[PDB]
Amino acid sequence: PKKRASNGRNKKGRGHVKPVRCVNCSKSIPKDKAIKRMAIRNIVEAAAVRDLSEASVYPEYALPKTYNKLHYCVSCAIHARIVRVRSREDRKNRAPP
Amino acid sequence: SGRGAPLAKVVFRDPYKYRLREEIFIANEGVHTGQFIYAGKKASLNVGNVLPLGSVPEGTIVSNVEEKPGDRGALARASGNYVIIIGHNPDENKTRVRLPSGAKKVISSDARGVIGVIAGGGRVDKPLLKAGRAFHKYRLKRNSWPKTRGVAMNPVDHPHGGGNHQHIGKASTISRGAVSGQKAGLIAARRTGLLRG
Amino acid sequence: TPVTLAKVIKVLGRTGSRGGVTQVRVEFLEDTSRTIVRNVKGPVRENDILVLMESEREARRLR
Amino acid sequence: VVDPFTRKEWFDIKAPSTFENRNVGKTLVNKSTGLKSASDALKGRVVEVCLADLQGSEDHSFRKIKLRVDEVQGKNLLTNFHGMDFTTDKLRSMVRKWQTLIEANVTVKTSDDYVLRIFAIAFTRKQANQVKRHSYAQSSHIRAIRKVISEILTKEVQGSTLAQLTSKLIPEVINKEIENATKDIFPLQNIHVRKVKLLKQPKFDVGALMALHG
Amino acid sequence: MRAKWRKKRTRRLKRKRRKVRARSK
Amino acid sequence: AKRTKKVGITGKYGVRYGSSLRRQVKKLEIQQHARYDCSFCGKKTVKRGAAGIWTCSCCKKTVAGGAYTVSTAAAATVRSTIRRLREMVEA
Amino acid sequence: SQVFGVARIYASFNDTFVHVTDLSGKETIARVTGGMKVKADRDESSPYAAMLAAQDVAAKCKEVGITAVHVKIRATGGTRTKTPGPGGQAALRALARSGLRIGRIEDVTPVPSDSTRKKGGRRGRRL
RNA sequence: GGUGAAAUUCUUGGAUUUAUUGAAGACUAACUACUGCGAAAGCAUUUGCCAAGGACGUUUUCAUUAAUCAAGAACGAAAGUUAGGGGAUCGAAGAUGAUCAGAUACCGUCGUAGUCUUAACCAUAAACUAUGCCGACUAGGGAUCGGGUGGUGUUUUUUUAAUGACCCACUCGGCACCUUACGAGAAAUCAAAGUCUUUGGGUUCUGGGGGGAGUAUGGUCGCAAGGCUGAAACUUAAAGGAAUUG
RNA sequence: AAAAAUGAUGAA
């Protein structure tokens with residue numbers, strides 16, 4: 001039977017989109033289907049923050065961040081626990097938390 | 001006769017004597033009878049004009065290019081061939097170009113070339129279909145046709161001759177240092193066999 | 001002298017596939033403001049003093 | 001077998017007068033030998049500097065600067081402007097979802113024969129009191145904005161010397177006037193030049209370099 | 001067996017059948 | 001009436017030389033014997049004399065061209081490139 | 001009042017490079033990798049290996065004259081992971097805690113504005 | 001370097017790593033969405049030229065000119081074919097290192113065709129919304145894209161006095177979405193898959209238990225690969241759908 | 001993200 005009203009993707013109105021490649025396995029997956037996460041992290045770890053602020057030559061440094069958009073295929077997202085298999089009614093929820 | 005490319009008869013005035021001078025150019029494609037050709041350092045960049053390599057920009061397509069200034073044309077003369085200008089070296093007064101074979105060459109920027117591509121291109125795309133047309137092709141050129149295979153000869157006639165089967169019997173790749181009478185086959189071949197599998 | 005004395009100020013939890021190691025947070029005795037996270041073998045309490053042969057490696061395998 | 005750092009001199013690096021404090025840092029090459037001299041190995045070097053360090057202010061923390069060594073005199077390397085670029089953190093922090101990203105790009109030559117490529121970046125802005133989710137631009141606004149940005153950039157370059165361009169890049173007047181010109185088309189958030197690269201250089205004309213170093 | 005492999009092996013068999021029948025003809 | 005289904009002008013070659021070679025020859029001989037527009041007088045009167053020579057029956061103007069066509073794609077590309085380079089040089 | 005260098009940390013999987021240079025970048029001081037601090041061939045990208053490499057690099061930056069360092073962190077990039085490996089943060093912290101001064105950290109991973117086909121095939125690396 | 005771990009490879013002739021350049025080909029990240037355009041296949045850098053198109057607005061024009069369509073025709077992902085150019089990357093085949101009982105598999109290193117382009121073919125995909133097209137009606141809701149109307153609404157250089165963006169209320173058209181089914185369904189589910197034993201708005205195409213079989217044969221198109229059309233003998237009591245408990 | 005093949009016939 002049909003598992004999903006939006007079969008597994010987000011494509012109603014066009015027909016073909018473009019592939020991306022999975023960051024973990026390099027599998028080709030349509031962009032609308034790919035599981036996408038924004039990894040925004042401080043460039044220095046939290047335990048090293050004090051050490052680098054003490055070692056800084058600048059009294060008021062900004063401690064930049066790194067920005068990286070990750071694209072996962074279904075298998076890699078499930079294996080890496082980024083998304084989990086959900087109950088039949090819980091599958092319909094689209095809110096991030 | 002013997003040439004794929006057509007020739008243009010171009011007549012100039014003699015600068016120093018009252019008379020006309022007829023020159024024999026290799027016609028570039030798109031050149032027509034009654035067309036004005038301009039040759040010189042200050043000629044405009046138009047197909048058919050003769051300009052020094054230094055005075056034309058990057059990527060210009062030229063033909064009948066002088067290797068040395070004043071030798072009156074040496075490169076890209078066969079039908080459909082051209083030279084691509086790929087750079088200048090103003091301090092050295094040199095121009096870097098690409099030849100039809102793909103070789104990269106550095107010529108004096110005072111060497112001249114004709115803007116455009118030699119006419120008559122596409123000639124080798126049509127098969128001759130028959131020995132008679134190759135015969136007529138070569139009777140206007142020289143006596144190099146037909147060609148008898150060396151393995152079809154006797155040993156007295158050719159290094160490939162003899163044997164109770166037709167076969168070369170030793171490597172057909174021949175060193176550059178081999179002497180006359182030995183250089184039959186593939187001379188100084190860096191490699192053999194079909195290119196890129 | 002390669003001996004560092006560090007005092008357990010917090011016990012985080014159990015680690016290891018079989019649960020044999022314990023995550024702890026320790027603060028140094030020479031300076032009481034530099035805290036690190038270490039993996040400990042045996043039974044540990046708060047305020048237990050550990051002997052650190054090396055004193056820069058952060059503990060991996062957390063939970 | 002041999003320590004390689006016993007044959008170094010630690011040449012000092014000096015910024016042009018089109019900046020705040022001149023002293024950039026330090027560099028080292030080798031002892032000048034009868035075969036090879038330190039000057040040839042030391043010229044042409046590109047030193048990457050943060051404009052915050054070149055200007056003594058943290059508001060220039062992004063938008064780094066490239067300085068190209070042009071000649072060596074004594075123990076001082078007199079550099080000149082070689083390029084400008086934003087930091088990766090700045091670019092990635094500005095590129096967010098639910099807004100249109102407008103990029104413009106021109107190649108123009110200054111009054112002196114410095115042909116250079118100027119880039120420019122802007123993002124669509126939500127109006128105050130806007131309830132709509134995203135604030136995208138309608139692809140005709142984008143073309144009009146790109147046209148007016150291109151004319152502004154082409155007008156401020158080719159009307160200036162490389163030094164005057166640098167001295168007007170530091171206070172960010174180009175992006176403010178871009179905002180003034182575009183404000184009747186579509187509101188924008190982060191208008192920046194984001195990058196200046198130099199494509200061809202004129203003759204050395206050492207007189208101009210010494211005019212920038214004095 | 002997977003259907004596309006049924007199709008592929010059947011196609012190879014049809015090639016062999018065509019070859020032997022062309023030999024006969 | 002239609003006299004040949006596919007050989008066309010290559011029906012002069014009978015059954016020899018191979019159908020692939022005959023097809024290649026058919027394409028290029030149709031191109032070679034076509035009549036072409038004159039760029040000068042506007043009539044459909046340009047024919048090939050010998051390879052690379054194309055003459056208009058009226059206005060008697062002769063232009064250097066391709067071996068089997070009046071203009072090759074390479075020559076048209078070169079004409080456009082030379083025009084572009086000329087325009088930037090003159091402006 | 002301090003002499004600056006550039007640390008140019010390359011933290012991939014399978015390895016960690018700690019590579020201090022002058023400001024120009026064409027003179028190198030103390031390029032040390034984790035693969036010559038460990039002998040395991042799988043621990044070459046470990047934080048312990050990166051910390052040992054950065055300690056050696058700081059030791060050679062001293063007694064050569066480098067006192068402060070700008071930081072250029074980098075991943076493999078290109079069409080590959082462009083996620084920094086495990087050793088980048090450990091090398092950073094070892095540099096900061098081994099007497100060197102620090103300034104101007106930046107991520108310089110090569111990012112395509114678009115790229116050649118990525119390795120792995122259409123169905124990806126199948127494990 | 002690479003991996004789960006390695007090895008095959010490269011490396012004191014300096015590999016990897018750093019810097020400054022250059023060349024080549026391919027791609028068009030981030031922005032990028034339950035967003036847009038197209039008959040579908042498909043289509044994402046800028047600018048210029050060329051023709052086209054939907055929707056909206058319209059007290060413009062014609063007046064049935066229309067709907068669906070055997071035969072017939074154009075287009076038609078990828079792979080594949082012919083010939084020229086190109087050939088960076090990745091990579092069928094192949095070669096190799098591993099793993100393994102074996103392992104010409106998965107994993108690793110290379111690597112041909114191919115991948116790109118021009119000119120011709122091929123005409124197939126889970127070419128999918130697995131839902132033909134045209135028309136009418138039947139339920140609540142909030143968003144969104146394009147067009148239009150209104151507001152004595154905000155906002156920008158001068159603060160109604162040279163005009164976009166936003167807000168509010170409508171409306172036509174579109175991609176969709178949420179809730180519920182009065183209804184439908186075997187159910188999954190569905191806003192059409194409803195208005196169907198209270199069975200008829202118009203029309204095209206397809207199916208008739210499972211195999212044999214999209215096979216054989218004939219025809220036809222194609223360079224070929226193959227496409228389209230397409231049986232019978234024989235065999236068999238289930239095969240299959242959607243849900244329930246384990 | 002190491003390796004892990006197989007299990008005779010009928011049988012409220």
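Sequence lines set the chain letters: A, B, ... in the order given, protein chains first and strands last, and positions in each chain run from 1. These numbers come from the heavy atoms of this one structure, side chains and all, not from hydrogens, waters or symmetry mates.
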Nucleotides H:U118 and H:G200 paired (Watson-Crick or wobble, under 3.5 Å): no

Tell me whether H:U152 is paired to H:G42 (Watson-Crick: purine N1 to pyrimidine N3 plus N6-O4 or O6-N4; or G-U wobble; cut-off 3.5 Å). no

Select one nucleotide: of [options], the one nearest the side-chain heavy atoms of [X].
X      : options               : answer
D:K132 : H:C43, H:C166, H:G227 : H:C166
E:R15  : H:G1, H:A33, H:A225   : H:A225
D:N129 : H:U18, H:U154, H:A19  : H:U154
D:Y136 : H:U20, H:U47, H:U32   : H:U32
D:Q130 : H:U3, H:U17, H:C166   : H:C166
G:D41  : H:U47, H:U89, H:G1    : H:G1
D:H141 : H:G164, H:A29, H:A216 : H:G164
A:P1   : H:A188, H:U32, H:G218 : H:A188
D:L101 : H:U3, H:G164, H:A30   : H:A30
G:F17  : H:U17, H:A88, H:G2    : H:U17

For [N] and [M], measure between their [atom1] atoms and round to the nearest Å.
N      : M      : atom1 : value
H:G14  : H:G22  : P     : 25 Å
H:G135 : H:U68  : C1'   : 12 Å
H:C172 : H:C31  : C1'   : 32 Å
H:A127 : H:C116 : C1'   : 24 Å
H:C221 : H:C205 : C1'   : 23 Å
H:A243 : H:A238 : P     : 25 Å
H:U82  : H:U47  : P     : 42 Å

Is H:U81 on the north side or the south side, where north means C1'-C2'-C3'-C4' is positive? north

Positive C1'-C2'-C3'-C4' counts as north, negative as south. Which one applies to H:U12? south

Residues in ring-ring contact (aromatic ring centres under 6.0 Å, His included) contact with F:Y17, at least two apart in sequence or another chain: F:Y13

Would you state whether a donor and an acceptor, one from the side chain of [X] and one from the base of [N], lie under 3.5 Å apart?
X     : N     : value
A:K31 : H:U32 : yes
G:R31 : H:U17 : yes
A:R14 : H:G38 : no
G:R42 : H:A5  : no

Given the 90°-from-0 boundary between syn and anti, H:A39 should be labelled anti

Enter syn or anti for the glycosidic conformation of H:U18, syn applying to angles within 90° of 0. syn

Regarding D:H82 and D:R68, do their side chains bring together a donor and an acceptor under 3.5 Å, going by distance alone? yes

Considering non-hydrogen atoms only, spot the tightest contact between D:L153 and D:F119 and give its length. CD1-O, 4.2 Å

Looking at every non-hydrogen atom in both residues, tell me the closest pair between G:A49 and G:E44 and how far apart they are. CB-O, 3.9 Å

Below 4.0 Å: OP1/OP2 of H:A33 and any side-chain N or O of A:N10: no

Is the phosphate of H:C106, meaning OP1 or OP2, less than 4.0 Å from a side-chain N or O of G:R123? no

